[PDB]
Amino acid sequence: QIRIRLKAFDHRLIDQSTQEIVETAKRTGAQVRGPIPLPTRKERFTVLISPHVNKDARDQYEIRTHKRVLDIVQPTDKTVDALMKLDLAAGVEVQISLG
Amino acid sequence: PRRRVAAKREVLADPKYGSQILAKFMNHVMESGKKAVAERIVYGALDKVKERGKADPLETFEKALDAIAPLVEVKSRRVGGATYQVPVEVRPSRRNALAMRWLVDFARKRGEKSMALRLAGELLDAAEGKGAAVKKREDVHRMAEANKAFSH
Amino acid sequence: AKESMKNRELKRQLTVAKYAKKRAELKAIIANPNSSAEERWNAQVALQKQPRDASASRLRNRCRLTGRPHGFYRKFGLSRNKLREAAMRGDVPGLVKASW
Amino acid sequence: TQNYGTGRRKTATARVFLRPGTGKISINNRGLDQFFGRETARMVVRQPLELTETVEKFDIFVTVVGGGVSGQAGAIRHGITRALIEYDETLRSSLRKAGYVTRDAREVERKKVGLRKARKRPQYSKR
Amino acid sequence: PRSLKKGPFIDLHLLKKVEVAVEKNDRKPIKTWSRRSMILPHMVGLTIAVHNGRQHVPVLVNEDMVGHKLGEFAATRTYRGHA
Amino acid sequence: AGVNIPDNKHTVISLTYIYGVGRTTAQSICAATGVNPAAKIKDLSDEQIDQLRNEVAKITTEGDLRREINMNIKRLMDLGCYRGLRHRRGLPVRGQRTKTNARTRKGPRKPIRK
RNA sequence: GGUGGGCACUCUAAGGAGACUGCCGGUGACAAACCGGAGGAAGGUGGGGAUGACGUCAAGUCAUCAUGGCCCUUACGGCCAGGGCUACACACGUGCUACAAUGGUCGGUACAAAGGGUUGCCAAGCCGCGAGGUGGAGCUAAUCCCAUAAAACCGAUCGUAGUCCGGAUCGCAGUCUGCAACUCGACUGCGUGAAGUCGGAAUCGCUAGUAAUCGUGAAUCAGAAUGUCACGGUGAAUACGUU
Ligand SMILES: [Mg+2]
Ligand SMILES: [Mg+2]
Ligand SMILES: [Mg+2]
Ligand SMILES: [Mg+2]
Ligand SMILES: [Mg+2]
Ligand SMILES: [Mg+2]
Ligand SMILES: [Mg+2]
Ligand SMILES: [Mg+2]
Ligand SMILES: [Mg+2]
Ligand SMILES: [Mg+2]
């Protein structure tokens, strides 16, 4: 009974990674629940833009962090342990727990 | 506004009495969003009115506003070299607003223990007209005859 | 942001980091209720032995490209007027303009 | 049996379950007056129920999350309206005339740069 | 003020220059720069020249200044007067 | 009746006036020496004024407190420490603003030259 | 929801539907469009944001950065101790707190949103009126911590008095970070208790979750916010009109 946690910055990569891992797990003979989405962390920054005194001239930037959870019921094939280089490619972080 | 597209919202949320003027008076006496404070103060005032006044307090209330509403109002217009004033008939909707505002602002200036019995005092005074709010109403009324010359 | 001043804050970084242990031990012994006034006082003396240029309070963090003492964002390492320049080019990962 | 409804108002979300009964009214397993302390909230909740003369025809079990007392009261009103219309689907026109099913879309406006409040501004001396 | 966990605070070289001093009676003011150091009743009667910004002002310690620091008896801002 | 005490007031409030007692120690005196805080000092029996006199004489009041604050003030002045000079000129001693807004320790505005 | 359990619901987050003057009536040069109605959660760019044309002010910045010139090279370049930027006869801008009874105290009491935390949050317990101290749990966090919202409501008291208002100032004694709280920190305990009775000429902000009022969080940061940015609770009055 393992659980997989996915961290990402943009949902475009995390959705693709979740679809890939779900399809691989269901194809290899495992039993998988429904991908669970967690509240996305939003970090807010506000910064002065002028090199000198203009206090009312701001710029607001945001960093979004997306959290996904998955579980494997009836662990029968640990093929996902040979696919990290493919499951995570550029900007998705994968944690596996309860091996 | 030049556009004249700004419509008005309708408020009618009388808790127990199921009236209309009562809620607008509630809003007038409400300060800084203290709606429940206004509830209890006005209801204590109305209880004092009911115990003092034999009849029901709502018709006493409307009779009191009947003796505070100004029929005509004076409004300064500058002819271009002199500071005049012009008497005009008050808008029918505006009469209730002036009545409520005057009654509240005059009940505020008594100086006794609380403004619940102040509101009761000027509610009974305005019920026939021995208060100060009626004094200001009649002064504003008589200013019209004082300036009837322009009128048009 | 004179380079001598950057050098003398970087050297402060090394001087602070290079002890990193005597401060902790001495202050822990001082804050320990049961250590006797002798170990209070010798620890005070020891703390006063080492150069003042060793504490974290003396350490004023600075932009890693310009060293501007003001306008810092410690989530990044850049200053106020380089974070925006890097962000508009897309170098900072997962940084956009926010409306909400 | 029973019917269900959901009412949202002023960041307040409420779930209502309607069953046969006489109107016991439970707010998170608590008395109605023990919850609504000296306010019109009871009357505003009872507005749509009494508009259709069904105060004693049903029993209600609700839960509320988020918001203030007025927001929760409005959420209860909206939710019980949506639950009641699920039972007697001929009174939708009556509620439309009464304007109870319509949700209140008003929401707190965010603060902006250069302003104290969402719309308040500093004093602006011109000299 | 400094918590009761730490009673005194004195510059260590100041402590050595005062403790060695008491072997003989008050004969010469002692030059000091650290305005922060506390003073106990064990240098009473000694004259200490504390740095002020441009000069070392000499002050003769007595027993009635145990609870006041070195800098309190030396003013750094002049303010001779507006007119 | 203490030292020029008022009447028609609750015990704690009446006791507060004796320059050395506020809300806390007045409450402590009221609770320790059995009296009703609600009861007005006018209706209190003579059995309690003596106890309150003992409590008042226990700690400090009036002349001794004035004398010790004045002794402290002159103690600060005569040495010549910075706080002593600060209290001498009447300027604030805690270290607040003197460029502006130091009014309660200067008096009225007292405009320039005349 | 503590447990077994469920995929009902709320919720969380991805993809879609929906609002387009679409339908009906009238006006309209049988046009554009306007004024109504039905339905609908939402109706007339639904609400808010990001988005700033050609140019103007030789507008601001050589001190964030880069750069043409000019300038010093035993100094206008470097290092270290203290001091000042927090000074003080006055004047002005922007704010916080009040001058009270729609209030100040006492008792128990119900409901938020948003966010930060492994060079970190720091629980339980115990010792202190108190700021705090020992303690070590849980947590890389919808899982543990910050963390008990407040105004609101009920009962008791004060009775309009410079006062059970108001807190400046000051005296004494303390907690905490910091090598070090004199210059020059923030809070805590006792005591003292000011001006202030709603403010002249003049002048400002705001059209609906708006004003007003109540609290919470983050950045910078060892410590230091009445400032900046951000989030919710309660919640109005007024607009006939364009001289
Ligand atoms: Mg350079
Ligand atoms: Mg620092
Ligand atoms: Mg919002
Ligand atoms: Mg708000
Ligand atoms: Mg002005
Ligand atoms: Mg319509
Ligand atoms: Mg110029
Ligand atoms: Mg220096
Ligand atoms: Mg300065
Ligand atoms: Mg008080």
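Convention: sequence-line order gives letters A, B, ...; per-chain numbering from 1. Atom set for the values below is all heavy atoms of this structure, side chains included, hydrogens, waters and symmetry mates excluded.
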Self-check item: Geometric cation-pi criterion, F/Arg66 with F/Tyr19: 6.0 Å, 45°
Solution: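 Yes, a cation-pi geometry.
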Could you tell me whether [X] contacts a base, only the sugar-phosphate backbone, or nothing, with contacts defined as non-hydrogen atoms closer than 4.0 Å?
X        : value
F/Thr104 : base
B/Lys35  : sugar-phosphate
D/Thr6   : sugar-phosphate
C/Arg60  : nothing

Quiz item: Hey, would you call G/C85 and G/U86 stacked, ring centres under 5.5 angstrom, planes off by under 30 degrees?
Solution: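 Stacking test on this dinucleotide step: no.
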Exercise. Give a yes or no on whether G/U102 and G/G189 pair, Watson-Crick or G-U wobble, both distances under 3.5 Å.
Key: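 No.
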Quiz item: Should G/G125 and G/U134 count as paired, given that a pair must be Watson-Crick or G-U wobble and both distances must be under 3.5 Å?
Solution: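 Pair flag for G/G125 and G/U134 is true.
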Quiz item: Under the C1'-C2'-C3'-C4' criterion, what is the pucker of the sugar in G/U188: north or south?
Solution: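 Torsion sign positive, so north.
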Quiz prompt | Sugar half of pseudorotation for G/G43 [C1'-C2'-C3'-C4' sign: + north, - south] | solution =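 On the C2'-endo side: south.
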Exercise. Could you label the plane-to-plane angle of the D/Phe17 and D/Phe61 rings as parallel, tilted or perpendicular, counting under 30° as parallel and over 60° as perpendicular?
Key: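 D/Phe17 vs D/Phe61 ring planes: tilted.
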Quiz item: With ring centroids as reference points, do A/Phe45 and C/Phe76 lie under 6.0 angstrom apart?
Solution: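 Judged by ring-centre distance (under 6.0 Å), A/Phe45 and C/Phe76 do meet the cut-off.
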Quiz prompt | Pairing nucleotide - G/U213, Watson-Crick or G-U, each distance under 3.5 Å | solution =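 Paired with G/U213, as far as the under-3.5 Å criterion goes, is G/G233.
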